Structure formats: structure tokens, C-alpha cells
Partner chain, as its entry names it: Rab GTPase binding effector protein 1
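A single chain comes next, written as C-alpha cells; it is the form deposited without the partner chain.
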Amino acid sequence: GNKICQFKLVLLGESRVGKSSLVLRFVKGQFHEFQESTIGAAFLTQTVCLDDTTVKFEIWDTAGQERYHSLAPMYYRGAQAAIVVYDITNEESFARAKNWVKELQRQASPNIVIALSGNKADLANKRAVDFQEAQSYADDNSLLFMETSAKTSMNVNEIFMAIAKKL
């Protein structure tokens, strides 16, 4: 196809859940076991092929530490999509993700597409958030949900592509 589309995506979530790793895996195909916490935000882009359409992603990888919370609107205000990420081995990170979802539903564009990533799924031997419970929560709140692993690549390209398909 010769059609070209571009859209803005923002990643939000508690510090250390794997936002930067998810983006690096999708954009550069890399995974770093020692990834430093993000300061403010980082920007990356990736272009993919989706049904006769070339889709370019402009990605804002936000720093998740609470001291950067007041900067979030600068990154999500014009976003067409968001991926709120939690760590499947940390229930508190899942609760934090729900609060990010609430903030997006109240303050971001009313037409924003929101995905929920249950990341670090490769650590299921330390699971703290039940898959079905998270799926039910996502279904009830109209969120595109997938468990992912930046470490193994499981569902990484899939969640980004699923979002592009629903834009």
C-alpha cells in the first residue's frame, strides 16, 4: 500500500515496570537488564507496515517516578494513544496503572485509545496480578490489554500493532 499514517503514543506507569524496555524492544529490538530510570521523558520513533498502510509511531516514554507526575499532561495531551504499563509481579504497580487510566479518561483527548500492558510476564513464577482479573478490568474500562515481556519480546510488537489497528 501507498498510504502513510502517523500518530502520537505515550507510555505511562509506575517507575521500574518496564516502559523504557518495552519501547526499546519495539523500536530497536533491544533489551537491557540494567536500564537506568528515565529522567523526565525520552522520545523514540518506529515505522511499521500495517494493512497496505505505513504507520509511523511518535513515542513518548515518560519517567514514572512520582516527582515527574506534574509533567505527564505535556506528554499525553496530544496523544492519540497511550500504553499504561504495570508489572505483573507487583500489585501496587497495577493499582497505580488504574489511577493513570482514570487520569487519562478524565484529562486526555476523549478519543484516545488506551492499552494496558501487564509487563514482565516472563516472571509469572512471581505473579501478583491475576491475568483474568486484569482482563476483566480492561474489558470493563474499554482498554486494549495484553501481558508482555520486553525481556523475551512476547507480545511487544503485538500490542503496538493492535493499537495502530484501532486508530
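Residue numbers count along the first chain shown, from 1.
Below, we refer to the form solved in complex with the partner chain, which is not included among the displayed structures.
Chemist: Honest question, do 40, 45 and 68 all end up within 4.5 Å of the partner chain in the deposited complex by heavy atom distance?
Modeler: Spot residues vs the partner chain: full contact, yes.
Chemist: Considering the partner chain in the deposited complex, which of 32, 102, 126, 28 comes within 4.5 Å of it through any heavy atom?
Modeler: By the 4.5 Å criterion, the partner-contacting residue is 28.
Chemist: At the 4.5 Å heavy atom threshold, is residue 95 in contact with the partner chain in the deposited complex?
Modeler: No.
Chemist: Counting only non-hydrogen atoms, choose the one of 133-141, 105-113, 118-126, 59-67 that falls within 4.5 Å of the partner chain in the deposited complex.
Modeler: Among the candidates, contact is made by 59-67.
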